[PDB]
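Below sits a lone chain in structure tokens, taken as the form deposited in one PDB entry.
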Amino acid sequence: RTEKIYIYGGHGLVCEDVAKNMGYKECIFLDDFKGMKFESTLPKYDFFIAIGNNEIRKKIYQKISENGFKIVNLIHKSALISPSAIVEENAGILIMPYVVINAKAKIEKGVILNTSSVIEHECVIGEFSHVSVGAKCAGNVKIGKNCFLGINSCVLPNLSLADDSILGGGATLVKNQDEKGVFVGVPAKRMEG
């Protein structure tokens, strides 16, 4: 790993913290879409994309890769990752604070695993997916590409979620899909005074 890091990017601050938690001494913030074609003249420190938004993550990932930078994973030192889990190497993957990834799970490329999320044994988490704060996937769950799992959501064991799907905050997925969809919980209801 390099000693400084370029961070492209609120989610930028959190990525700075994870980078500094790993050995990084200096974070360099860039947030310039159009200046990106010139950035190839810069010293090749490690890069990270602190977006988003799957899908700007993905676009900018591709532009930065094609400009000769290495886009590393940021994994905080708190995360517990089984030696048999597969985390795509140098793939712009963010692994928060207190994440757990258990035996033979697979995390692909530019996934976000947000703080205290749990990926159980034998999960796949597809490319450019966002598993948010405290979201939990039970054993053998298959999350497709460009999915969003909202805060405190969960997925029961052995289930698949199709590409481009949204699981709302506090929702529990109970059924296999193959078709993309959106997947809401209950709403705290104000009690009337």
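For the two forms, the rigid core is made up of the largest set of C-alpha atoms that agree within 1.5 Å on superposition. The numbering used is simple: start at 1 and walk along the sequence shown.
Just so it is clear, the following notes concern the form deposited in another entry, a form of the same protein that is not shown.
When both forms sit on the same rigid core, the CA shifts between this form and the one not shown reach 2 angstroms or more only at 36 out of 151, 28, 156, 36. Cα-Cα spacing of residue 28 to residue 38 is reduced in that other deposited form versus the present form (difference of at least 3 Å). Whereas the shown form places them at one spacing, the Cα atoms of residue 27 and residue 38 lie at least 3 Å closer in that other deposited form.
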